[PDB]
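Peer 1: One structure, pasted below without further comment.
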Amino acid sequence: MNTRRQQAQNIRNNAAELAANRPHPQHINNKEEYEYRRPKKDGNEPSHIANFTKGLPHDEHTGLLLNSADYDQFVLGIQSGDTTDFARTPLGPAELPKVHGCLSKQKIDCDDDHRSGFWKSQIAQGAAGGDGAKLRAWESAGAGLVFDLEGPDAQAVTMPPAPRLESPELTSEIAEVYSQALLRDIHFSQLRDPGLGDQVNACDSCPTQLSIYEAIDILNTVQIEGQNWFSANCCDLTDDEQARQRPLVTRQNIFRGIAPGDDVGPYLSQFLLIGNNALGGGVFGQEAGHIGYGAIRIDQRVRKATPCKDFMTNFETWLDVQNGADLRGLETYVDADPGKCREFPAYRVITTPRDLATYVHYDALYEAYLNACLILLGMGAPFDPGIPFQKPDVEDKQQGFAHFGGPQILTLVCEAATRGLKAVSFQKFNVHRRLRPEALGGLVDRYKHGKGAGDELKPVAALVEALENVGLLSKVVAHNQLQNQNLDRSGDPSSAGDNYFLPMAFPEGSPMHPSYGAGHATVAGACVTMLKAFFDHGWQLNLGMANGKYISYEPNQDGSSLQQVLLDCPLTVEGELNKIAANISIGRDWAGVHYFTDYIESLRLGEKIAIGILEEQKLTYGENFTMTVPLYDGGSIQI
Amino acid sequence: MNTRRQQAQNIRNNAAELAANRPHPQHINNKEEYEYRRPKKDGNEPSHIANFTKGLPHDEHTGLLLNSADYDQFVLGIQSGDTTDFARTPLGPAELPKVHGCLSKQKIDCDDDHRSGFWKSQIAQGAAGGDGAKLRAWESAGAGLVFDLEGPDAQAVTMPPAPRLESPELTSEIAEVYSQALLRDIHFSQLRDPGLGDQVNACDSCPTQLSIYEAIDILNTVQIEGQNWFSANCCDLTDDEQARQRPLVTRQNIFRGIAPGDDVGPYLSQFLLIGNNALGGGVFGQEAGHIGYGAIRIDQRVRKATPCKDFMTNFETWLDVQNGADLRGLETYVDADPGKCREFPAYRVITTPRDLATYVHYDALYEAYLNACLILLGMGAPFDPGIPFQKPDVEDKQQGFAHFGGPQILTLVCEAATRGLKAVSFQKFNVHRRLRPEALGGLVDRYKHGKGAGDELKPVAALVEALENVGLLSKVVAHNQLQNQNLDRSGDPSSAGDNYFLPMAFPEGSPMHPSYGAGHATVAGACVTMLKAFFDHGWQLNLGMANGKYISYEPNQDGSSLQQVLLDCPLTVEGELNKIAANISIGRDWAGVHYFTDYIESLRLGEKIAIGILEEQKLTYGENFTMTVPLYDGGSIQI
Amino acid sequence: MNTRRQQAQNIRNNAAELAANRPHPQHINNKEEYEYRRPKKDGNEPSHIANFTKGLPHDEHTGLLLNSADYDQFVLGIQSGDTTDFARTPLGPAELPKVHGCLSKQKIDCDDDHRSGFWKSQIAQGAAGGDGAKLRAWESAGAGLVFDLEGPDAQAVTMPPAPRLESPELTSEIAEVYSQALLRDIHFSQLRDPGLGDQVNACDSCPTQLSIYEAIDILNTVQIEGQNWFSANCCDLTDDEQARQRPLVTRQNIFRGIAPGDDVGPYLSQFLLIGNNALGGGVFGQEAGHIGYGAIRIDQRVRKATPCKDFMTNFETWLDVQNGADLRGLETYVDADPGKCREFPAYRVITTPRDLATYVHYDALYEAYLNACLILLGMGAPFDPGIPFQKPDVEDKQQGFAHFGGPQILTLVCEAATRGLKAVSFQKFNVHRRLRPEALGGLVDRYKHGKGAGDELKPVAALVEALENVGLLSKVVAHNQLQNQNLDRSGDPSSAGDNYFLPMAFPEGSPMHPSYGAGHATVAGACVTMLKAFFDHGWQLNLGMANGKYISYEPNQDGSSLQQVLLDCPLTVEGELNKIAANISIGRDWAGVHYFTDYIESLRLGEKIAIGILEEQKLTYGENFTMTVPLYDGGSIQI
Amino acid sequence: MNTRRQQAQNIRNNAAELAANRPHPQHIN
Ligand SMILES: COc1cc(OC)cc(OC)c1
Ligand SMILES: COc1cc(OC)cc(OC)c1
Ligand SMILES: COc1cc(OC)cc(OC)c1
Ligand code: NA
Ligand code: NA
Ligand code: NA
């Protein structure tokens, strides 16, 4: 034998080498960054239209990137990871320099007590209680450079190159995000086959410019150079594309994930709706929506943001946000009904995607998957049989606590997320720098308003044709017109004219970090992988039965309680863990701050981080068990 | 420069060596294990009265350990960590062998469908719906042997030797636990100086055999060989004892922690009571008790266990539990009032220690400290200034997310706990093996009933004198008599006679692992250390003001809402994080499953695990900031 | 220079590092193990219907797995590799425990002199000369854990995930195995295009329920969810599936391998039929069937098992074998004709697949490929020109013996097999644990007899539909009925009713180790790879010519001698080494103990082991030659 | 425990050293 100090030190050095050995893949992007050129006096320069430029100086009249030098500075700051270099980047409204190539002069500084004059939108002008919206900087630019003690390194895993502005995939993805924005106040019961049960409409019925049927029709129709994304056969697509490609849009599979058990049952996962039976003598059931959070409860009722209210629907509102206008928590919420109990309808069940957008808006990183973990523990879910001390207490004469009990996993789901966020923070800033759906939504408007210099916005031409040829843009301008009749933005000049901008669920829209590499999806992909690995992934959730059919739950018309959907087969631990993983990830697409490619590839990335952690941790345990980890791409891996 | 693979691998090898270098202290116990001898035919053998023997064969008439060979087998199973050796240990009711030295024959096996006949208590006889209580094994016996990737190793830190049966300290600690058991249904408002505000009595007023005043009087009076624990000067005590020693029991400091800000304000920490203002346009305030859990809420209302109802109050009930009788969740809870909202009083605010016992009974490992973290985040707490990107967003041109934001800490508190549980699981099983307060409570009864062989229970004689000479036992027998009038245990023979057993808050009492090294306190000590380190520990929590005094909260008489306590100075982030750390840890002492020494030394251990993790993780970050970590023993360390 | 000790030690350390560096792939299965659930009192549990459970307690009435705890124990024994844990697994007929979760009580033990009463079948009841069949344990469970000095490690290579019960592939594979069972007594001349020569029928003509034409028709027709395996285009299939996929079943390519030269010429390889010319003055020719085994001969005549006699055709016979009933060598063989020479027809030429099943039943591991090696050496085959000292003896002034002669390869083919068997023994037990074709054959019967609990056998429903919709099952029940008229199993109750069981060529059917990872195919893939690498793979075997066409051989109607098949082009060393590799591997499919996926993926695995050995051994030789190794997937690699 | 790659590589290096250690006798004609 060795002394423990030696044994312990080796396990950490063994884990360190194991991680170093595993394939270190090469980071490849779509090359759109320096490809798309725009005119300057000496010649053509990079436009960076396809790139994330939110926070940088945006032309206050044109609406596009003011100076390319700010982007050149912005990149060199990320690549360096230097606090000095990244703070030399101009941020927010800025004036062009007199000498070409020089960095733009920042308008707002540490001597501006009042900032009202710098914003062209009313919402931003009277944001900070009359003073005017503050500037906000880029969130975790050099977090991709930060190392970790467990799991693979941030640059030891990669995501394949993103869709392009001219690609058929991208055109269908933005069309999906546009469709989701107009279906933001649809009742979740609508997003499934009607054979499952009677569907309902949201109690707060309001002006709708698009229906669920039209969205399916449009997504299957939309095509670039006579090719639709879903219709395109395997031969035409690349290896990295074939993996992502989906089938014809169905009423069941619309806006859903592509992992096992996503299509099965209602749209929304049970773990976002159901709770547990009240601790001890059950006062209420699982339909209650109160999770068994040890002794106390977790209320599953999300805050209700004012139905049918979108933001950044005109040029001024959009531009200001793209100039890092800090408009966090300026959205309005429904006041409570004094008569009703449980703060209703101020807090209600997730009825429409509007509520799912509100969920992912402020949710804690592991909250969604910790809650899912707690429901399974409270329900009494069997763990992956491979785990030791799983037999009867009398026979095995051992019980699972610290290393093979509830406590072990409760932390594992939390651990994985920070390992995950660092890994993707690299892909977002250092590698791809893909623009946010809102930014692309801007280009469509800017192009259709014939803005930009010479042939600057020529790349997006092909995209805008396809969207208008399926008559999607025709509805977006009609929707935006009604949204601009609101007193908060009616004073904004651009309200008068037509607006092709993507309606945002939040006033500030997306965060201050690039699109490709979803922060929510990487945490999801990592967290539920740990849950699936630890738990018995197959375990059919028995929520009772009614008339020889398995009971499942979804919101009711006003979100008062859950409504029964009776299925042929029951829902598994995996299926609902795979479905919640989609709900939170795709939930950002409903808000209009992510694409589909952002979800699926981040979900694959997060999984590799999670597996990597578990692989390294198996050196510690001396039992030499096995963990069956089901992958999102069919079959399962043994750990 | 190096390639990242090399850089990354070094940071993990550097962290691995750093941990190996830090002092590896020597594990020293009180030696009570093999000291206390009892008579056999050939001569004297180890009694193991001072040791944890819960689960092993206990003499069904005598009430003590049946065969020492079972303990000799039990130890060798722990020391080996072999699944085969630890499963060769006899568990539950057992028959003595015919050959002396041979292991006892187990009564209950995998052919006993019905087990009613093996239990001497009624509760256990009709436990498994008439079949009879199942056996339960020892939780994480070889978790102290399991290694880890971050933080110090399980055997790379130690806890000093526990109090002894003859020691003055132990006598005052069991007297504290006995007093807490009779004050289990006292209103928390009572546990503080009356100058702070008007105190109240619990709405469910019932038979009380001890008052708050008597408890203070008794704890200051109680003494062994003419020396009281609190009265004893520094000269008499050892270095390991001097650190633990407390002052004269005061109305303010009674049953509280000994960390900075424990004595200040009410007994119960704010983070167990208050929530946050409702997300967006606040429908309710912080007095509501709804935590800002992202978009959804966490209800601070704990399940109300039937007031003034204790368990293991007679020999039969106690013995069966000590024979690993699985009586989990057999305690009764109050049914809801149909008229009242928010499942009242089924779920209410933590009014009496009965509710704090119910909290720690089922609480998730990091729940208590995650909730505390969420309240601080929702309140808008400043982080430790040392952390980078803390300046205005315009000036610094960066924001904290993955590495120096909310997400970073949310996981850190969860990470630490599993690292902590393994470290103490060693101290519990492998090193000390100190008996649970219930086990000692048994010895007092067994001795006072003149049971045991010859001079077996002579060691506890001195203890039982001190408790009876302050007239504590005189009240315990009177309390137990009333508790044994309950129909569930009135049929049990020993109900007729006097009972000196410690009343347990749970039917199964303590878990199936030794006392010394508190599972709850090690997680607390580790978790809040991470919170204090990350957050600005000094930050005075401003919960408003009333009539020129700082507002603090505590439960009201029935637990309907929070009641205002107006303080001279306000409560800090540290003080309330140190107070909740005590509440959850000492909460087990109220249930009667832990001592004070179990809390304080585990709190010191947990802190060393937490600091150890943070020290190792600082190699990853390239910013080379500093974190100020305030210790429970006064001054702060810089990381 | 260095001293040899140093040089020699380095070559072994260099080889050791080379193996460690080569990609270590991740072991991924179909996840069917814990997916397919079945009902218990508390809820759903793993059925393990898709898993290998042969030897474990099988329900004596139901016919399925008795207790899942036995499987949970069986796995943990494999994963541990502990002699103690794997011997704690219940084996054979067993009684369910009284306590749920506890391991089943074994019926047969070391005090059962007579075991007749424990078997429900007559064959097994009077097996051990009246005493009754003995139990047999699992063959090499922890051989996948055993390391090796040359070649890659057992877990340093992997096999892709197996077909699923719901998959179109699996349905066509079991249909192929079912078809092979009814074509088990077809003359091998039938399994090729009639343009090659006049085909014949087996002299022992008997009841046939399926024809060669019907088998082709059925295999092309059979389909799940309107998709046939052979018909399915590349787009629908995965990367791991596309590699395995075959074309439309042709008379030439039916039941054949998919390596170069498999389809060319007759079904059966020459090396299973032909010998060499008698040493010195040839008394006989190569058509004789006497191999030039140095000075003595190897008779190519295989023992003739009684034509048209199958086993495990009813529930009792099947169940007993699935309960590890040791029925080895209870099959009957044809008695010799006293008049005829050369023990005829007791030993005859491999006429029908019945004989090829008998060959692979008892064959030595490398026998089939050593014999093939000896025929090539005796024929005078040129070695791979790359090998040194290959030129005329006068010019080169050297000859190949120890390092580049006949002796070198003779051992190489033998060496590779043990390296191969360990590699697959991991994939069988530790990774996949795929059920044997007989086990699946059972599920079809059990389902069609409406057995199992609730929705246990729902997964196989889809499979059984496809087989019955092509009218394959309709013939299987008719075939089984005639087989159950035999006096040995006519007394068995289930003989009266219909039987859907897969007819087994052996009484004991498959061995006691899981299906996926063929023991025969891994040895084949490894052995012939060494032969192809060493020999001149291209070398056209000249067995004379007749009427301007190249002569090839196949069995005659009674197996008296070989019959001439005249080809357009001659057969190569590679083609016949690739064809014998299939014959022995697919030979197990004819017996009904393997699928096609078991052959092809094991063939690919075995090749990687063989290449790995040769790569490591090239460090030893100082000549620095090259070896051209043709792969089964087209092109050749240089060593 | 170690990962198999490490365990496997050691067994081959251990075998290689074991052979090198065993007496290397002198070749006399
Ligand atoms: C989900 O990502 C975030 C979005 C935010 O709103 C702009 C703020 C933030 O800081 C905690 C994180
Ligand atoms: C707090 O420690 C525990 C106490 C328990 O009740 C016996 C069960 C347990 O398993 C999760 C842990
Ligand atoms: C081909 O694999 C085997 C099959 C056997 O019959 C059950 C026995 C065996 O032991 C040598 C090996
Ligand atoms: Na258990
Ligand atoms: Na900030
Ligand atoms: Na020669």
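Ligands are numbered from 1 in the order shown, residues from 1 within each chain, and chains are lettered A, B, ... in the order they appear in the structure tokens.
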Hey, which residues sit close to ligand 1? Say within 6 Å, counting only C-alpha atoms and all ligand atoms, and write them as number ranges by chain.
Peer 2: A: 511; B: 401, 406
Peer 1: Tell me which protein, DNA and RNA residues are within 8 Å of residue 9 of chain D, counting only C-alpha atoms, leaving out same-chain ones fewer than 5 positions away, and put them as an NGL selection string.
Peer 2: :C and (16-17 or 19-20)
Peer 1: Could those selected residues go to a file with C-alpha atoms, as a CSV table (one decimal), in the first residue's frame?
Peer 2:
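Writing done, so here's again-v9.csv:
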chain,number,residue,atom,x,y,z
C,16,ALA,CA,4.0,-0.4,-25.0
C,17,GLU,CA,3.8,3.5,-25.6
C,19,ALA,CA,-0.3,1.0,-28.2
C,20,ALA,CA,-1.1,3.6,-25.4
Peer 1: Using only C-alpha atoms and all ligand atoms, which of the listed residues (C:216, C:102, C:365, C:96) sits closest to ligand 4?
Peer 2: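 Between C:216, C:102, C:365, C:96, the residue approaching ligand 4 most closely is C:102.
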Peer 1: Could you please determine the separation between atom CA of residue 311 of chain C and atom CA of residue 346 of chain C in Å, to one decimal place?
Peer 2: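 Distance reported for this atom pair: 20.6 Å.
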Peer 1: Select from chain A every residue with an atom at most 12 Å from any atom of chain D, then for each give the shortest pair of atoms and their distance in Å to one decimal, using only C-alpha atoms, rows by chain and rising number, as JSON lines.
Peer 2:
{"residue": "A:7", "atom": "CA", "partner": "D:1", "partner_atom": "CA", "distance": 8.9}
{"residue": "A:8", "atom": "CA", "partner": "D:1", "partner_atom": "CA", "distance": 10.1}
{"residue": "A:9", "atom": "CA", "partner": "D:1", "partner_atom": "CA", "distance": 11.8}
{"residue": "A:10", "atom": "CA", "partner": "D:2", "partner_atom": "CA", "distance": 8.5}
{"residue": "A:11", "atom": "CA", "partner": "D:1", "partner_atom": "CA", "distance": 7.1}
{"residue": "A:12", "atom": "CA", "partner": "D:2", "partner_atom": "CA", "distance": 10.3}
{"residue": "A:13", "atom": "CA", "partner": "D:2", "partner_atom": "CA", "distance": 9.9}
{"residue": "A:14", "atom": "CA", "partner": "D:2", "partner_atom": "CA", "distance": 6.5}
{"residue": "A:15", "atom": "CA", "partner": "D:3", "partner_atom": "CA", "distance": 8.5}
{"residue": "A:16", "atom": "CA", "partner": "D:3", "partner_atom": "CA", "distance": 11.3}
{"residue": "A:17", "atom": "CA", "partner": "D:3", "partner_atom": "CA", "distance": 9.8}
{"residue": "A:18", "atom": "CA", "partner": "D:3", "partner_atom": "CA", "distance": 7.5}
{"residue": "A:19", "atom": "CA", "partner": "D:3", "partner_atom": "CA", "distance": 11.0}
{"residue": "A:21", "atom": "CA", "partner": "D:5", "partner_atom": "CA", "distance": 10.2}
{"residue": "A:22", "atom": "CA", "partner": "D:5", "partner_atom": "CA", "distance": 11.5}
{"residue": "A:615", "atom": "CA", "partner": "D:3", "partner_atom": "CA", "distance": 9.4}
{"residue": "A:616", "atom": "CA", "partner": "D:3", "partner_atom": "CA", "distance": 9.1}
{"residue": "A:617", "atom": "CA", "partner": "D:1", "partner_atom": "CA", "distance": 10.6}
{"residue": "A:618", "atom": "CA", "partner": "D:1", "partner_atom": "CA", "distance": 8.3}
{"residue": "A:619", "atom": "CA", "partner": "D:1", "partner_atom": "CA", "distance": 5.1}
{"residue": "A:620", "atom": "CA", "partner": "D:1", "partner_atom": "CA", "distance": 7.1}
{"residue": "A:621", "atom": "CA", "partner": "D:1", "partner_atom": "CA", "distance": 7.9}
{"residue": "A:622", "atom": "CA", "partner": "D:1", "partner_atom": "CA", "distance": 6.8}
{"residue": "A:623", "atom": "CA", "partner": "D:1", "partner_atom": "CA", "distance": 9.7}
{"residue": "A:624", "atom": "CA", "partner": "D:1", "partner_atom": "CA", "distance": 8.5}
{"residue": "A:639", "atom": "CA", "partner": "D:3", "partner_atom": "CA", "distance": 11.6}
Peer 1: Could you tell me, counting only C-alpha atoms and all ligand atoms, which protein and nucleic acid residues lie no more than 8 Å from ligand 4, written as a list in words?
Peer 2: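 Using only C-alpha atoms and all ligand atoms, everything at most 8 Å from ligand 4 comes to residues 389, 390, 391, 392, 393, 398, 399 and 400 of chain A; 136 of chain B.
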Peer 1: Can you spit out the residues from that selection as a PDB file, in the first residue's frame, using N, CA, C and O atoms?
Peer 2:
ATOM      1  N   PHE A 389     -24.690  -0.284  -3.426  1.00  0.00           N
ATOM      2  CA  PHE A 389     -25.562  -0.219  -2.219  1.00  0.00           C
ATOM      3  C   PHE A 389     -27.010   0.102  -2.621  1.00  0.00           C
ATOM      4  O   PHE A 389     -27.693   0.834  -1.875  1.00  0.00           O
ATOM      5  N   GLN A 390     -27.467  -0.447  -3.752  1.00  0.00           N
ATOM      6  CA  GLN A 390     -28.820  -0.207  -4.329  1.00  0.00           C
ATOM      7  C   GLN A 390     -29.783  -1.326  -3.898  1.00  0.00           C
ATOM      8  O   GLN A 390     -31.005  -1.146  -4.070  1.00  0.00           O
ATOM      9  N   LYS A 391     -29.254  -2.426  -3.347  1.00  0.00           N
ATOM     10  CA  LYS A 391     -30.020  -3.646  -2.960  1.00  0.00           C
ATOM     11  C   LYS A 391     -30.730  -3.384  -1.631  1.00  0.00           C
ATOM     12  O   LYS A 391     -30.514  -2.340  -1.017  1.00  0.00           O
ATOM     13  N   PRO A 392     -31.604  -4.301  -1.142  1.00  0.00           N
ATOM     14  CA  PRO A 392     -32.232  -4.144   0.172  1.00  0.00           C
ATOM     15  C   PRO A 392     -31.211  -3.930   1.298  1.00  0.00           C
ATOM     16  O   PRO A 392     -30.171  -4.564   1.272  1.00  0.00           O
ATOM     17  N   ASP A 393     -31.550  -3.060   2.255  1.00  0.00           N
ATOM     18  CA  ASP A 393     -30.662  -2.614   3.364  1.00  0.00           C
ATOM     19  C   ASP A 393     -30.197  -3.823   4.190  1.00  0.00           C
ATOM     20  O   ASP A 393     -29.039  -3.805   4.642  1.00  0.00           O
ATOM     21  N   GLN A 398     -25.627  -1.779   3.675  1.00  0.00           N
ATOM     22  CA  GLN A 398     -25.087  -0.434   3.342  1.00  0.00           C
ATOM     23  C   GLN A 398     -26.212   0.418   2.745  1.00  0.00           C
ATOM     24  O   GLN A 398     -27.193  -0.165   2.239  1.00  0.00           O
ATOM     25  N   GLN A 399     -26.066   1.744   2.809  1.00  0.00           N
ATOM     26  CA  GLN A 399     -27.021   2.724   2.227  1.00  0.00           C
ATOM     27  C   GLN A 399     -26.232   3.828   1.516  1.00  0.00           C
ATOM     28  O   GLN A 399     -25.119   4.155   1.977  1.00  0.00           O
ATOM     29  N   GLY A 400     -26.794   4.370   0.431  1.00  0.00           N
ATOM     30  CA  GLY A 400     -26.204   5.476  -0.343  1.00  0.00           C
ATOM     31  C   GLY A 400     -26.487   6.818   0.308  1.00  0.00           C
ATOM     32  O   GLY A 400     -27.679   7.121   0.520  1.00  0.00           O
TER      33      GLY A 400
ATOM     34  N   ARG B 136     -32.642  -1.188   8.460  1.00  0.00           N
ATOM     35  CA  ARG B 136     -31.886  -0.149   7.710  1.00  0.00           C
ATOM     36  C   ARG B 136     -30.407  -0.238   8.101  1.00  0.00           C
ATOM     37  O   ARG B 136     -30.119  -0.409   9.303  1.00  0.00           O
TER      38      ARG B 136
END
Peer 1: If you run DSSP over the backbone, which residues in segment 99-199 of chain C end up alpha helix (DSSP H)? Put them as a PyMOL selection string.
Peer 2: chain C and resi 122-125+168-182
Peer 1: For those residues, write N, CA and C atoms to a file as a tab-separated table (two decimals), in the first residue's frame.
Peer 2:
chain	number	residue	atom	x	y	z
C	122	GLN	N	-37.69	-33.50	-20.72
C	122	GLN	CA	-37.30	-34.93	-20.59
C	122	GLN	C	-35.80	-35.09	-20.92
C	123	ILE	N	-35.35	-34.48	-22.02
C	123	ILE	CA	-33.92	-34.49	-22.47
C	123	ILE	C	-33.00	-34.13	-21.29
C	124	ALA	N	-33.37	-33.11	-20.51
C	124	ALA	CA	-32.58	-32.57	-19.38
C	124	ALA	C	-32.76	-33.45	-18.14
C	125	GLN	N	-33.96	-34.02	-17.96
C	125	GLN	CA	-34.32	-34.88	-16.80
C	125	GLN	C	-33.46	-36.15	-16.80
C	168	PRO	N	-35.47	-1.87	-38.00
C	168	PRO	CA	-35.67	-2.70	-39.19
C	168	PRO	C	-34.55	-3.73	-39.40
C	169	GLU	N	-33.31	-3.36	-39.06
C	169	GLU	CA	-32.09	-4.21	-39.21
C	169	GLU	C	-32.30	-5.53	-38.46
C	170	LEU	N	-32.52	-5.45	-37.14
C	170	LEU	CA	-32.68	-6.61	-36.23
C	170	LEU	C	-33.73	-7.58	-36.79
C	171	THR	N	-34.88	-7.05	-37.21
C	171	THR	CA	-36.04	-7.82	-37.75
C	171	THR	C	-35.59	-8.67	-38.95
C	172	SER	N	-34.75	-8.12	-39.82
C	172	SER	CA	-34.21	-8.80	-41.03
C	172	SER	C	-33.15	-9.83	-40.62
C	173	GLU	N	-32.39	-9.55	-39.56
C	173	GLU	CA	-31.29	-10.42	-39.05
C	173	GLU	C	-31.87	-11.69	-38.41
C	174	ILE	N	-32.87	-11.55	-37.53
C	174	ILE	CA	-33.55	-12.70	-36.87
C	174	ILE	C	-34.29	-13.52	-37.93
C	175	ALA	N	-34.88	-12.85	-38.93
C	175	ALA	CA	-35.56	-13.47	-40.09
C	175	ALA	C	-34.55	-14.28	-40.92
C	176	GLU	N	-33.31	-13.78	-41.03
C	176	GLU	CA	-32.18	-14.47	-41.71
C	176	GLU	C	-31.81	-15.73	-40.91
C	177	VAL	N	-31.67	-15.60	-39.59
C	177	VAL	CA	-31.30	-16.71	-38.66
C	177	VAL	C	-32.42	-17.76	-38.67
C	178	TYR	N	-33.68	-17.33	-38.62
C	178	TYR	CA	-34.89	-18.20	-38.71
C	178	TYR	C	-34.87	-18.97	-40.04
C	179	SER	N	-34.59	-18.27	-41.14
C	179	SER	CA	-34.53	-18.84	-42.52
C	179	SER	C	-33.39	-19.87	-42.61
C	180	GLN	N	-32.22	-19.54	-42.05
C	180	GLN	CA	-31.01	-20.41	-42.01
C	180	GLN	C	-31.33	-21.72	-41.27
C	181	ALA	N	-32.17	-21.65	-40.23
C	181	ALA	CA	-32.57	-22.80	-39.38
C	181	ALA	C	-33.42	-23.79	-40.18
C	182	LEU	N	-34.28	-23.29	-41.07
C	182	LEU	CA	-35.19	-24.12	-41.92
C	182	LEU	C	-34.45	-24.56	-43.19
Peer 1: What parts of segment 234-411 of chain C does DSSP call strand (DSSP E)? I'd like the answer as a PyMOL selection string.
Peer 2: chain C and resi 290-293+296-299+302-303+347-348
Peer 1: Residues of chain B within 6 Å of chain A, counting only C-alpha atoms, what are they? List them as a ChimeraX atom specification.
Peer 2: /B:5,9,12-13,16,20,87,135-140,146-149,294-299,301-302,341,359,362-364,393-394,396-399,401,411,414-415,620-621
Peer 1: List as a list in words the protein and nucleic acid residues near segment 587-603 of chain B, meaning an atom at most 6 Å away when only C-alpha atoms are counted, but skip any in the same chain fewer than 5 places from it.
Peer 2: residues 177, 180, 356, 357, 437, 504, 505, 510, 516, 517, 518, 521, 522 and 525 of chain B
Peer 1: Residues as selected, C-alpha atoms, written as a PDB file, in the first residue's frame, can you do that?
Peer 2:
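Result file follows (part-v1.pdb):
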ATOM      1  CA  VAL B 177     -29.728  18.468  24.584  1.00  0.00           C
ATOM      2  CA  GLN B 180     -33.674  21.537  24.274  1.00  0.00           C
ATOM      3  CA  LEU B 356     -36.589  23.734  12.957  1.00  0.00           C
ATOM      4  CA  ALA B 357     -36.237  19.962  13.765  1.00  0.00           C
ATOM      5  CA  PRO B 437     -27.274  11.653  22.214  1.00  0.00           C
ATOM      6  CA  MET B 504     -36.604  12.220  20.037  1.00  0.00           C
ATOM      7  CA  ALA B 505     -38.267  14.671  17.551  1.00  0.00           C
ATOM      8  CA  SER B 510     -30.745   9.910  14.553  1.00  0.00           C
ATOM      9  CA  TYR B 516     -19.213  13.148  16.273  1.00  0.00           C
ATOM     10  CA  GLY B 517     -18.756  14.918  12.908  1.00  0.00           C
ATOM     11  CA  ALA B 518     -22.184  16.525  12.184  1.00  0.00           C
ATOM     12  CA  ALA B 521     -22.662  21.352  10.342  1.00  0.00           C
ATOM     13  CA  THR B 522     -19.783  20.270   7.972  1.00  0.00           C
ATOM     14  CA  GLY B 525     -19.322  25.363   7.772  1.00  0.00           C
TER      15      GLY B 525
END
Peer 1: Separation of atom CA of residue 268 of chain A and atom CA of residue 554 of chain A, in Å?
Peer 2: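 Calculated distance between atom CA of residue 268 of chain A and atom CA of residue 554 of chain A is 6.9 Å.
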Peer 1: Find the spatial neighbours of residue 553 of chain C, counting only C-alpha atoms, within a cut-off of 6 Å - ignore same-chain residues fewer than 5 positions away - and output them as a PDB file with C-alpha atoms, in the first residue's frame.
Peer 2:
ATOM      1  CA  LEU C 562     -15.693 -32.775 -54.194  1.00  0.00           C
ATOM      2  CA  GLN C 563     -17.691 -31.641 -57.316  1.00  0.00           C
ATOM      3  CA  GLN C 564     -16.154 -29.249 -59.946  1.00  0.00           C
ATOM      4  CA  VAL C 565     -17.561 -25.667 -60.350  1.00  0.00           C
TER       5      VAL C 565
END
